[PDB]
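Enquirer: Sharing data-v4.cif here; it has mmCIF, C-alpha atoms.
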```
data_target
loop_
_atom_site.group_PDB
_atom_site.id
_atom_site.type_symbol
_atom_site.label_atom_id
_atom_site.label_comp_id
_atom_site.auth_asym_id
_atom_site.auth_seq_id
_atom_site.Cartn_x
_atom_site.Cartn_y
_atom_site.Cartn_z
ATOM 1 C CA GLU Q 183 32.740 3.561 37.036
ATOM 2 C CA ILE Q 184 29.719 4.463 34.902
ATOM 3 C CA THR Q 185 28.841 2.112 32.035
ATOM 4 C CA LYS Q 186 26.195 2.982 29.436
ATOM 5 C CA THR Q 187 24.849 0.807 26.612
ATOM 6 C CA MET Q 188 23.931 3.425 24.022
ATOM 7 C CA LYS Q 189 22.091 2.265 20.906
ATOM 8 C CA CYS Q 190 22.055 4.315 17.715
ATOM 9 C CA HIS Q 191 19.616 4.571 14.820
ATOM 10 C CA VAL Q 192 20.353 5.726 11.291
ATOM 11 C CA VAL Q 193 17.211 6.580 9.328
ATOM 12 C CA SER Q 194 17.238 7.324 5.613
ATOM 13 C CA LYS Q 195 15.105 6.728 2.551
ATOM 14 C CA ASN Q 196 18.007 4.988 0.767
ATOM 15 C CA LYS Q 197 18.957 1.776 2.563
ATOM 16 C CA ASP Q 198 22.461 1.710 1.091
ATOM 17 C CA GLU Q 199 22.919 5.156 2.609
ATOM 18 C CA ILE Q 200 22.012 3.619 5.972
ATOM 19 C CA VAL Q 201 24.677 0.974 5.386
ATOM 20 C CA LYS Q 202 27.322 3.549 4.457
ATOM 21 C CA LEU Q 203 26.518 5.806 7.403
ATOM 22 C CA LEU Q 204 26.599 2.919 9.869
ATOM 23 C CA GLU Q 205 29.882 1.657 8.421
ATOM 24 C CA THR Q 206 31.632 5.008 8.702
ATOM 25 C CA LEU Q 207 30.203 5.593 12.182
ATOM 26 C CA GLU Q 208 31.493 2.214 13.365
ATOM 27 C CA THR Q 209 34.904 2.830 11.826
ATOM 28 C CA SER Q 210 35.156 6.285 13.390
ATOM 29 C CA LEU Q 211 34.171 4.958 16.806
ATOM 30 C CA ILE Q 212 36.692 2.120 16.586
ATOM 31 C CA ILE Q 213 39.622 4.189 15.313
ATOM 32 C CA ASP Q 214 39.161 7.170 17.627
ATOM 33 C CA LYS Q 215 38.359 4.806 20.474
ATOM 34 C CA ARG Q 216 37.147 7.602 22.791
ATOM 35 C CA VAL Q 217 34.877 10.622 22.445
ATOM 36 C CA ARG Q 218 35.307 14.051 24.010
ATOM 37 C CA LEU Q 219 32.503 14.423 26.528
ATOM 38 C CA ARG Q 220 32.637 18.233 26.337
ATOM 39 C CA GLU Q 221 34.414 20.949 24.375
ATOM 40 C CA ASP Q 222 36.191 21.845 27.629
ATOM 41 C CA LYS Q 223 37.870 18.407 27.513
ATOM 42 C CA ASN Q 224 38.710 17.150 31.057
ATOM 43 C CA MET Q 225 36.499 14.096 30.349
ATOM 44 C CA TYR Q 226 36.329 11.267 27.821
ATOM 45 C CA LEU Q 227 34.130 8.290 26.921
ATOM 46 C CA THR Q 228 36.183 5.167 26.241
ATOM 47 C CA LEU Q 229 34.540 2.708 23.870
ATOM 48 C CA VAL Q 230 34.094 -0.907 24.979
ATOM 49 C CA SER Q 231 32.286 -2.645 22.119
ATOM 50 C CA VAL Q 232 30.365 -1.438 19.053
ATOM 51 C CA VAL Q 233 28.020 -3.893 17.347
ATOM 52 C CA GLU Q 234 25.554 -3.538 14.477
ATOM 53 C CA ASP Q 235 22.454 -5.694 14.000
ATOM 54 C CA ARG Q 236 21.377 -4.713 10.503
ATOM 55 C CA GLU Q 237 18.137 -6.710 10.706
ATOM 56 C CA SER Q 238 16.915 -4.667 13.666
ATOM 57 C CA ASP Q 239 14.141 -2.158 13.135
ATOM 58 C CA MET Q 240 15.129 1.273 11.876
ATOM 59 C CA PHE Q 241 12.836 3.191 14.255
ATOM 60 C CA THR Q 242 11.865 1.112 17.293
ATOM 61 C CA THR Q 243 15.125 -0.675 18.102
ATOM 62 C CA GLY Q 244 17.996 0.809 16.095
ATOM 63 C CA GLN Q 245 20.887 -0.864 14.329
ATOM 64 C CA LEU Q 246 24.125 0.105 16.061
ATOM 65 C CA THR Q 247 24.738 -0.831 19.701
ATOM 66 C CA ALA Q 248 27.702 0.713 21.504
ATOM 67 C CA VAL Q 249 28.850 0.274 25.105
ATOM 68 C CA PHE Q 250 30.787 3.160 26.653
ATOM 69 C CA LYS Q 251 32.305 3.512 30.106
ATOM 70 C CA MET Q 252 33.900 6.358 32.017
ATOM 71 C CA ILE Q 253 35.821 6.463 35.295
ATOM 72 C CA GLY Q 254 35.217 9.290 37.745
ATOM 73 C CA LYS Q 255 36.964 10.208 40.983
ATOM 74 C CA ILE Q 256 35.231 11.418 44.128
ATOM 75 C CA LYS Q 257 35.739 15.171 44.475
ATOM 76 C CA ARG Q 258 36.692 15.336 48.169
ATOM 77 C CA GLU Q 259 37.559 18.961 48.996
ATOM 78 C CA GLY Q 260 37.752 18.788 52.772
ATOM 79 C CA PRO Q 261 39.655 21.220 54.990
ATOM 80 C CA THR Q 262 43.426 21.677 54.972
ATOM 81 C CA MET Q 263 46.213 21.342 57.544
ATOM 82 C CA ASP Q 264 47.189 24.978 57.150
ATOM 83 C CA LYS Q 265 48.510 25.462 60.695
ATOM 84 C CA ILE Q 266 50.369 22.856 62.771
ATOM 85 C CA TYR Q 267 51.649 23.264 66.330
ATOM 86 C CA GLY Q 268 52.948 21.015 69.077
ATOM 87 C CA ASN Q 269 54.134 21.193 72.667
ATOM 88 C CA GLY Q 270 56.456 19.219 74.897
ATOM 89 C CA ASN Q 271 56.784 17.684 78.349
ATOM 90 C CA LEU Q 272 58.863 14.976 80.045
ATOM 91 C CA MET Z 1 0.733 -5.326 -11.917
ATOM 92 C CA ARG Z 2 -2.863 -6.174 -12.793
ATOM 93 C CA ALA Z 3 -1.990 -5.902 -16.475
ATOM 94 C CA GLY Z 4 0.975 -8.247 -16.147
ATOM 95 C CA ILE Z 5 -0.916 -10.976 -14.313
ATOM 96 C CA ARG Z 6 -3.914 -10.658 -16.632
ATOM 97 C CA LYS Z 7 -1.736 -10.831 -19.734
ATOM 98 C CA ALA Z 8 0.166 -13.847 -18.418
ATOM 99 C CA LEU Z 9 -2.998 -15.742 -17.506
ATOM 100 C CA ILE Z 10 -4.675 -15.007 -20.836
ATOM 101 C CA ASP Z 11 -1.582 -15.903 -22.863
ATOM 102 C CA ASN Z 12 -0.718 -19.141 -21.086
ATOM 103 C CA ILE Z 13 -4.202 -20.542 -20.300
ATOM 104 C CA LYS Z 14 -6.486 -21.277 -23.257
ATOM 105 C CA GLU Z 15 -9.549 -22.551 -21.392
ATOM 106 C CA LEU Z 16 -9.733 -19.057 -19.902
ATOM 107 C CA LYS Z 17 -12.359 -16.858 -21.555
ATOM 108 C CA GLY Z 18 -11.234 -13.625 -19.921
ATOM 109 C CA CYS Z 19 -9.491 -12.081 -16.939
ATOM 110 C CA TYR Z 20 -11.167 -9.011 -15.456
ATOM 111 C CA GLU Z 21 -10.798 -6.497 -12.653
ATOM 112 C CA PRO Z 22 -12.783 -6.887 -9.382
ATOM 113 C CA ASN Z 23 -16.311 -5.605 -10.180
ATOM 114 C CA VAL Z 24 -16.090 -5.467 -13.981
ATOM 115 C CA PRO Z 25 -17.876 -8.592 -15.279
ATOM 116 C CA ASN Z 26 -21.653 -8.755 -15.577
ATOM 117 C CA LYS Z 27 -24.002 -11.709 -15.719
ATOM 118 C CA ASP Z 28 -23.570 -12.383 -19.463
ATOM 119 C CA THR Z 29 -19.817 -12.981 -19.131
ATOM 120 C CA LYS Z 30 -18.579 -16.271 -20.547
ATOM 121 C CA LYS Z 31 -17.169 -18.616 -17.933
ATOM 122 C CA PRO Z 32 -14.536 -19.676 -16.900
ATOM 123 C CA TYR Z 33 -13.084 -16.243 -16.149
ATOM 124 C CA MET Z 34 -10.633 -14.979 -13.552
ATOM 125 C CA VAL Z 35 -10.510 -11.887 -11.354
ATOM 126 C CA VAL Z 36 -7.326 -10.286 -10.025
ATOM 127 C CA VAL Z 37 -7.869 -8.758 -6.572
ATOM 128 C CA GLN Z 38 -4.904 -6.837 -5.142
ATOM 129 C CA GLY Z 39 -4.397 -7.001 -1.382
ATOM 130 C CA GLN Z 40 -2.340 -5.258 1.269
ATOM 131 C CA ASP Z 41 1.230 -4.017 1.034
ATOM 132 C CA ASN Z 42 2.680 -4.828 4.459
ATOM 133 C CA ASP Z 43 6.214 -4.177 5.669
ATOM 134 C CA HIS Z 44 7.963 -7.510 6.274
ATOM 135 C CA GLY Z 45 11.418 -6.509 7.470
ATOM 136 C CA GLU Z 46 14.653 -5.506 5.810
ATOM 137 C CA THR Z 47 15.217 -8.668 3.764
ATOM 138 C CA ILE Z 48 11.769 -8.759 2.111
ATOM 139 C CA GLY Z 49 10.774 -5.131 2.329
ATOM 140 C CA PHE Z 50 7.176 -4.390 1.423
ATOM 141 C CA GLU Z 51 5.287 -7.549 0.464
ATOM 142 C CA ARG Z 52 2.134 -7.273 -1.635
ATOM 143 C CA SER Z 53 -0.702 -9.804 -1.572
ATOM 144 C CA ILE Z 54 -2.596 -10.783 -4.722
ATOM 145 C CA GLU Z 55 -5.542 -13.104 -5.296
ATOM 146 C CA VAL Z 56 -6.563 -14.656 -8.614
ATOM 147 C CA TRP Z 57 -10.198 -15.662 -8.126
ATOM 148 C CA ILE Z 58 -11.229 -18.269 -10.677
ATOM 149 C CA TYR Z 59 -14.883 -18.673 -11.631
ATOM 150 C CA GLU Z 60 -16.516 -21.574 -13.446
ATOM 151 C CA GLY Z 61 -19.940 -22.493 -14.757
ATOM 152 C CA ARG Z 62 -20.959 -24.866 -11.945
ATOM 153 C CA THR Z 63 -20.608 -27.972 -14.077
ATOM 154 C CA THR Z 64 -18.291 -29.680 -11.591
ATOM 155 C CA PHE Z 65 -15.400 -28.730 -9.348
ATOM 156 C CA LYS Z 66 -12.910 -30.958 -11.181
ATOM 157 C CA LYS Z 67 -12.728 -28.295 -13.884
ATOM 158 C CA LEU Z 68 -11.935 -25.768 -11.178
ATOM 159 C CA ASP Z 69 -9.181 -27.981 -9.757
ATOM 160 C CA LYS Z 70 -7.607 -28.342 -13.197
ATOM 161 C CA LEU Z 71 -7.803 -24.614 -13.846
ATOM 162 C CA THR Z 72 -6.340 -23.855 -10.413
ATOM 163 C CA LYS Z 73 -3.369 -26.101 -11.147
ATOM 164 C CA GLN Z 74 -2.962 -24.300 -14.468
ATOM 165 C CA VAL Z 75 -2.948 -20.878 -12.783
ATOM 166 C CA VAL Z 76 -0.464 -21.988 -10.128
ATOM 167 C CA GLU Z 77 1.864 -23.444 -12.750
ATOM 168 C CA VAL Z 78 1.598 -20.293 -14.858
ATOM 169 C CA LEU Z 79 2.278 -17.719 -12.134
ATOM 170 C CA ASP Z 80 4.256 -19.501 -9.397
ATOM 171 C CA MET Z 81 7.835 -18.151 -9.322
ATOM 172 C CA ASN Z 82 7.807 -17.228 -13.038
ATOM 173 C CA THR Z 83 8.991 -13.700 -13.747
ATOM 174 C CA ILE Z 84 6.228 -11.589 -15.284
ATOM 175 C CA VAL Z 85 6.852 -8.417 -17.292
ATOM 176 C CA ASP Z 86 4.217 -5.674 -17.140
ATOM 177 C CA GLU Z 87 4.289 -3.824 -20.453
ATOM 178 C CA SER Z 88 2.004 -1.029 -19.234
ATOM 179 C CA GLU Z 89 4.260 -0.036 -16.332
ATOM 180 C CA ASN Z 90 7.421 -1.472 -17.979
ATOM 181 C CA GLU Z 91 8.490 -3.207 -14.768
#
```
Rewrite the structure of this file - the entire thing - as structure tokens.
Expert:
Amino acid sequence: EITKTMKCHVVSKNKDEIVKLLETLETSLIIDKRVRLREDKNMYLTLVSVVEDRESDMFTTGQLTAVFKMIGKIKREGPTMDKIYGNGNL
Amino acid sequence: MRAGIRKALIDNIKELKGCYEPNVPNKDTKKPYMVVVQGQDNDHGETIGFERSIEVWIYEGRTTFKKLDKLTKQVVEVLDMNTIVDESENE
């Protein structure tokens, strides 16, 4: 299990534009609760919690904080039991 | 904003002989007179935005400091928290 706390900035000259962009980004993340990791699919990023601290600095810190996690399986590709034989005694 | 502060101080204070820019007045100026020095514009967060600093330096004829105390109280009463309209910039 791989958990990442990914923070996001939204820079703009117009502060109300920052508010609108953050609002729609939060809503999109919440509604579509997961994000395609690649265009091939086969992987996803399930959201855990998205939080905005509007006071936080636009450049250094960033407003939106989102925590994503993703579960991966070990890719064991060992040999195979292609051929089986047995013998007998008494 | 210099024009707005100067106009307010001249209009509301009558002991004032004039309100000038930083290095305008010369040695024949009639005291008391005030000088409006404009300071930094620092960024003070999202709630305040850019905050500007202003100083209104009073000057007096060295009779006694009680005149300066009275005139300081007058300036503070005139400018503190009272909305000022700058006709030159219309803001």
Enquirer: List as CSV every residue of chain Q that is in contact with chain Z, defined as an atom at most 10 Å from one of its atoms (using only C-alpha atoms), together with the nearest atom pair and the distance in Å rounded to one decimal, sorted by chain and then rising number.
Expert:
```
residue,atom,partner,partner_atom,distance
Q:197,CA,Z:46,CA,9.1
Q:236,CA,Z:46,CA,8.2
Q:237,CA,Z:46,CA,6.1
Q:238,CA,Z:46,CA,8.2
Q:239,CA,Z:45,CA,7.6
Q:240,CA,Z:46,CA,9.1
```
Enquirer: Taking only C-alpha atoms into account, which of Z:41, Z:88, Z:78, Z:32 comes nearest residue 63 in chain Z?
Expert: Z:32
Enquirer: In Å, rounded to a single decimal, give me how far CA of residue 189 in chain Q is from CA of residue 248 in chain Q.
Expert: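 Atom-to-atom, CA of residue 248 in chain Q and CA of residue 189 in chain Q are spaced 5.9 Å apart.
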Enquirer: As an exercise, work out the distance from CA of residue 16 in chain Z to CA of residue 53 in chain Z in Å and give it to one decimal place.
Expert: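 Pair CA of residue 16 in chain Z / CA of residue 53 in chain Z returns 22.4 Å.
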Enquirer: List, as a VMD selection string, every residue that the PyMOL selection byres ((chain Q and resi 222-231) around 9) selects in the file provided.
Expert: chain Q and resid 211 to 212 214 to 221 232 to 233 247 to 254
Enquirer: At what distance in Å, to one decimal, does CA of residue 34 in chain Z lie from CA of residue 74 in chain Z?
Expert: 12.1 Å
Enquirer: Can you sort out range 23-34 of chain Z so it carries N, CA, C and O atoms, written as a PDB file, in the coordinates of the input?
Expert:
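The result, stored in rebuild11.pdb:
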```
ATOM      1  N   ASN Z  23     -14.867  -5.707  -9.996  1.00  0.00           N
ATOM      2  CA  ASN Z  23     -16.311  -5.605 -10.180  1.00  0.00           C
ATOM      3  C   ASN Z  23     -16.677  -5.280 -11.622  1.00  0.00           C
ATOM      4  O   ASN Z  23     -17.697  -4.643 -11.885  1.00  0.00           O
ATOM      5  N   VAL Z  24     -15.850  -5.710 -12.564  1.00  0.00           N
ATOM      6  CA  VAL Z  24     -16.090  -5.467 -13.981  1.00  0.00           C
ATOM      7  C   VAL Z  24     -17.159  -6.400 -14.541  1.00  0.00           C
ATOM      8  O   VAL Z  24     -18.165  -5.906 -15.068  1.00  0.00           O
ATOM      9  N   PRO Z  25     -17.002  -7.724 -14.481  1.00  0.00           N
ATOM     10  CA  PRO Z  25     -17.876  -8.592 -15.279  1.00  0.00           C
ATOM     11  C   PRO Z  25     -19.326  -8.529 -14.837  1.00  0.00           C
ATOM     12  O   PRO Z  25     -19.629  -8.317 -13.663  1.00  0.00           O
ATOM     13  N   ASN Z  26     -20.221  -8.700 -15.805  1.00  0.00           N
ATOM     14  CA  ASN Z  26     -21.653  -8.755 -15.577  1.00  0.00           C
ATOM     15  C   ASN Z  26     -22.146 -10.167 -15.873  1.00  0.00           C
ATOM     16  O   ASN Z  26     -21.369 -11.070 -16.186  1.00  0.00           O
ATOM     17  N   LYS Z  27     -23.457 -10.362 -15.776  1.00  0.00           N
ATOM     18  CA  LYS Z  27     -24.002 -11.709 -15.719  1.00  0.00           C
ATOM     19  C   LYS Z  27     -24.013 -12.423 -17.062  1.00  0.00           C
ATOM     20  O   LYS Z  27     -24.322 -13.617 -17.094  1.00  0.00           O
ATOM     21  N   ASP Z  28     -23.684 -11.744 -18.159  1.00  0.00           N
ATOM     22  CA  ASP Z  28     -23.570 -12.383 -19.463  1.00  0.00           C
ATOM     23  C   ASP Z  28     -22.138 -12.780 -19.803  1.00  0.00           C
ATOM     24  O   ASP Z  28     -21.881 -13.220 -20.926  1.00  0.00           O
ATOM     25  N   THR Z  29     -21.202 -12.621 -18.869  1.00  0.00           N
ATOM     26  CA  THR Z  29     -19.817 -12.981 -19.131  1.00  0.00           C
ATOM     27  C   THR Z  29     -19.691 -14.482 -19.341  1.00  0.00           C
ATOM     28  O   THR Z  29     -20.404 -15.274 -18.722  1.00  0.00           O
ATOM     29  N   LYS Z  30     -18.776 -14.869 -20.221  1.00  0.00           N
ATOM     30  CA  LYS Z  30     -18.579 -16.271 -20.547  1.00  0.00           C
ATOM     31  C   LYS Z  30     -17.577 -16.894 -19.590  1.00  0.00           C
ATOM     32  O   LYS Z  30     -16.431 -16.448 -19.501  1.00  0.00           O
ATOM     33  N   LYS Z  31     -18.003 -17.911 -18.891  1.00  0.00           N
ATOM     34  CA  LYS Z  31     -17.169 -18.616 -17.933  1.00  0.00           C
ATOM     35  C   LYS Z  31     -16.391 -19.730 -18.627  1.00  0.00           C
ATOM     36  O   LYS Z  31     -16.836 -20.255 -19.650  1.00  0.00           O
ATOM     37  N   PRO Z  32     -15.224 -20.140 -18.108  1.00  0.00           N
ATOM     38  CA  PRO Z  32     -14.536 -19.676 -16.900  1.00  0.00           C
ATOM     39  C   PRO Z  32     -13.811 -18.364 -17.111  1.00  0.00           C
ATOM     40  O   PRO Z  32     -13.241 -18.132 -18.168  1.00  0.00           O
ATOM     41  N   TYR Z  33     -13.820 -17.494 -16.108  1.00  0.00           N
ATOM     42  CA  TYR Z  33     -13.084 -16.243 -16.149  1.00  0.00           C
ATOM     43  C   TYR Z  33     -12.475 -16.015 -14.779  1.00  0.00           C
ATOM     44  O   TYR Z  33     -12.938 -16.565 -13.779  1.00  0.00           O
ATOM     45  N   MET Z  34     -11.428 -15.198 -14.747  1.00  0.00           N
ATOM     46  CA  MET Z  34     -10.633 -14.979 -13.552  1.00  0.00           C
ATOM     47  C   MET Z  34     -10.663 -13.506 -13.180  1.00  0.00           C
ATOM     48  O   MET Z  34     -10.891 -12.638 -14.021  1.00  0.00           O
TER      49      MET Z  34
END
```
